[PDB]
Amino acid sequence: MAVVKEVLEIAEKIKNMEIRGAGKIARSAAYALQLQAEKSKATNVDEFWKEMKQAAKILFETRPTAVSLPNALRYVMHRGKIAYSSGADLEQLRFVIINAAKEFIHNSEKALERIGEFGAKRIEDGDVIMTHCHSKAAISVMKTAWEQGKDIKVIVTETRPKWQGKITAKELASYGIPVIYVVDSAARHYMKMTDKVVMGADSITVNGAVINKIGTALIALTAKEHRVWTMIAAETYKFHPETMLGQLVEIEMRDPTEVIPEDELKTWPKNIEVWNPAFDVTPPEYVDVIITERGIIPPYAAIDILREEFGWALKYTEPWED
């Protein structure tokens, strides 16, 4: 029980929601491990690993169900365990841990920019692109293509119940990109004139299924129907070692008032019930490629990212256990 302050410090900002988002929460988690390594006071490697494994577990227990957080820890801890189990000494292990965190933090801060570079490579001149929700990753690809001199127009889906489409519409507008605003229900109607679908992901499963804003599955569906190349822009740390084949239950149910205001809703019978699912699951079959910071991959290669990036394995324990 000798965890540096900075670690418990950041573990606080994480459990309290001060720090929000896949990027930031992950980078702050990595940093936590980095400080624990840079400011540790262990006399030998074995005692040191304990502090690392302790600070890792402390950060993980704040939101064990999160996705970007566990991947940040795995990135650092996985490479740390390899070194350790490999016989490395105190100063060697410290080095690996610190350089593993920095490496991760850097990669993450430049994630969106890199995703745009890879995605822009698969966007051609004259392409009409359709997107959903407000995804920075998705948007990054569009701007990058636009700024490449590639003439493109973008159909923005409204994205009820919170209209994230407006934000995307105005934002893409700013960059000078001609935008066409349409309600969610017109996805199919306009897929006929769409050259590329580009959306974001709240998370990706072990099988490459994409968990994104409600309505995302509908669009990929019609895009599959029309053979329109569909891409999902998502950071590697968004890949989750969980499967959606077997569960059958809801991902996240949200406040009914986002749909039908409290003022208006308070006047509806008990017969009426409002359901506002936050996300829906897009099968990997309706997705051609997932764009990450390291490059383009097929959805079913999701498990290879988890293995190669984060060192995850079903038959193995998390790198900070035992």
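Throughout, we count residues from 1 along the sequence that is shown.
Item checked: Mean C-alpha temperature factor, higher of 88-96 and 234-242 -> That would be 88-96.
Check: Higher mean Cα B-factor in the deposited model: 26-34 or 39-47?
Finding: Taking the mean B-factor of the alpha carbons in each, 39-47 is higher.
Notebook entry, point to check: Going by the deposited entry, which of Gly295, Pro277, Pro284, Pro64 has the highest CA temperature factor?
Noted result: That would be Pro64.
Next item on the list: Taking the values exactly as deposited, rank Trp163 by C-alpha B-factor within its chain and report the matching third: lowest, middle or highest.
Entry: Middle third, going by the recorded CA B-factors of the chain.
Item checked: For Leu306, the third of its chain into which the C-alpha B factor falls -> Lowest third, going by the recorded CA B-factors of the chain.
Next item on the list: Among all modelled residues of this chain, ranked by Cα B factor, put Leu112 in the bottom, middle or top third, i.e. lowest, middle or highest.
Entry: For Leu112, the deposited C-alpha B-factor lands in the middle third.
Next item on the list: Sort the modelled residues of this chain by their C-alpha B factor and say whether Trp146 lands in the lowest, middle or highest third.
Entry: Top third by C-alpha B-factor.
Check: Within this chain, which third does the Cα B-factor at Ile82 fall in: lowest, middle or highest?
Finding: It belongs to the middle third of the chain when residues are ordered by C-alpha B-factor.
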